[PDB]
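In structure tokens, one chain follows: the form deposited in one PDB entry.
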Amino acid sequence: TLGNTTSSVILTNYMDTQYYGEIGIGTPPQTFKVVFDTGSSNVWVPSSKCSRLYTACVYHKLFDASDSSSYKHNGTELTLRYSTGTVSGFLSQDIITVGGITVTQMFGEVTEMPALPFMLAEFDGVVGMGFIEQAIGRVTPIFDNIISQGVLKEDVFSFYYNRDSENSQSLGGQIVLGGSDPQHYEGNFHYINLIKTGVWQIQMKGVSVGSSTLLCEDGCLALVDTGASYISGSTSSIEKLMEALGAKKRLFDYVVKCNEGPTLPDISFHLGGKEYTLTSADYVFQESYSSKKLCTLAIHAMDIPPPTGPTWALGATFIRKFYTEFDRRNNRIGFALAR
């Protein structure tokens, strides 16, 4: 069922690596900073029942069911094993407010929150924008529940991720539920169908580094991940890519001498009928131009395990350049040049 509602949530851009917006849980609402994540399908926030020996719980907002009159107990154990770490807790139900839409939602109350990486998190929790097929504990995802209300103009949601400005007047980003915002893209959308329903993953035809270097020559996969900071490939693909850039591997990232940064070649991703090109300005964190300083790249290696992986992941690095529309009705992803 389709209505006429379009609901927009303003996002905060933290250092070009974390984009989060606000949701309200319970009666009266308890507010949380959440990542709207196409690479996961569960809603979770830290719990009041999280042992304060998990220091990430001391530094985050915690959900207290004892202060909510609309809370409905569940208690089923929940373990969410992600690429960056694991969170664990139990299932709870309450009313969630997201941009003006109110939905009764089953979510995870996290009681085990590792300091690595969650002490680096500016957000409190996660809003999974993925399909029910990838939902842990077969919990109905928030977007499915919003669709059931039949209030949205379209069975779509869109993401705009801005470049990190130090100006407060700068909008960090924006998620539109039910449509797209023409104020944040130009030209037209070019759609690529999903390999299969259940994953925000498409076929990638090839990856070009300048003129001479070529990767994904026989085709590969691309997961379009709003909850990933960087563009990611397999360890092997990233080794060849970084060799072509003249980048040096560190513990968790890849760097170049800052002065060399503006000289790096364009990287192009062949998706559907179009080539999606990122210049060095798009993937280099140009913090300086010093020959005496190292500059990080917004590209890393991430070996995603099956059935989803092996796959590339197009994270915030990609979405900043290309406004993205996630189309549930048609099982496709649309890209347009962001503005």
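Under this definition, the rigid core comprises the largest set of C-alpha atoms superposing within 1.5 Å between the forms. Sequential numbering from 1, following the sequence displayed.
Separately, the form solved in complex with a partner chain exists; it is not shown, and the next lines address it.
J.: Any idea which of 213-221, 116-124, 200-208, 68-76 reaches within 4.5 Å of the partner chain in the bound PDB entry, heavy atoms considered?
T.: Heavy-atom contact with the partner occurs in 116-124.
J.: Do heavy atoms from each of 11, 84 and 176 fall within 4.5 Å of the partner chain in the bound PDB entry?
T.: Judged in the bound PDB entry, 11, 84 and 176 all sit within 4.5 Å of the partner chain.
J.: Just checking whether residue 98 would be counted as a contact of the partner chain in the bound PDB entry - the rule being heavy atoms within 4.5 angstroms.
T.: Residue-level check for residue 98: yes, a contact with the partner chain.
J.: So in the bound PDB entry, does residue 326 come within 4.5 Å of the partner chain, heavy atom to heavy atom?
T.: Although the partner chain is absent here, residue 326 would stay clear of it in the bound PDB entry, with no heavy atoms inside 4.5 Å.
J.: Considering only heavy atoms, tell me if residue 107 and the partner chain come within 4.5 Å of each other in the bound PDB entry.
T.: Contact with the partner chain, no.
J.: Since only the chain is shown here, I'm wondering whether residue 153 would be in contact with the partner chain in the bound PDB entry (any heavy atom pair within 4.5 Å).
T.: So residue 153 counts as contacting the partner chain.
J.: Superposed on the rigid core, does the Cα of residue 16 end up 2 angstroms or more away between the shown form and the other one?
T.: Indeed, residue 16 is displaced by 2 Å or more.
J.: Establish whether a shift of 2 Å or more occurs at the C-alpha of residue 299 between the shown form and the other one, with the two forms superposed on the rigid core.
T.: No: residue 299 shifts by under 2 Å between the shown form and the other one.
J.: Determine, after fitting the two forms on their core, whether residue 31 shows a C-alpha shift of 2 Å or more between the shown form and the other one.
T.: No; residue 31 is a residue whose C-alpha shifts by less than 2 Å between the shown form and the other one when the cores are overlaid.
J.: I want to verify one pair: residue 322 and residue 11. Are their C-alpha atoms nearer or more distant in the bound PDB entry compared with the form I supplied, knowing the change is 3 Å or more?
T.: Farther is correct, given that in the bound PDB entry the C-alpha spacing of residue 322 to residue 11 is increased by at least 3 Å.
J.: Considering a change of 3 Å or more, are the Cα atoms of residue 54 and residue 97 closer or farther in the bound PDB entry than here?
T.: Residue 54 and residue 97 sit farther apart in the bound PDB entry.
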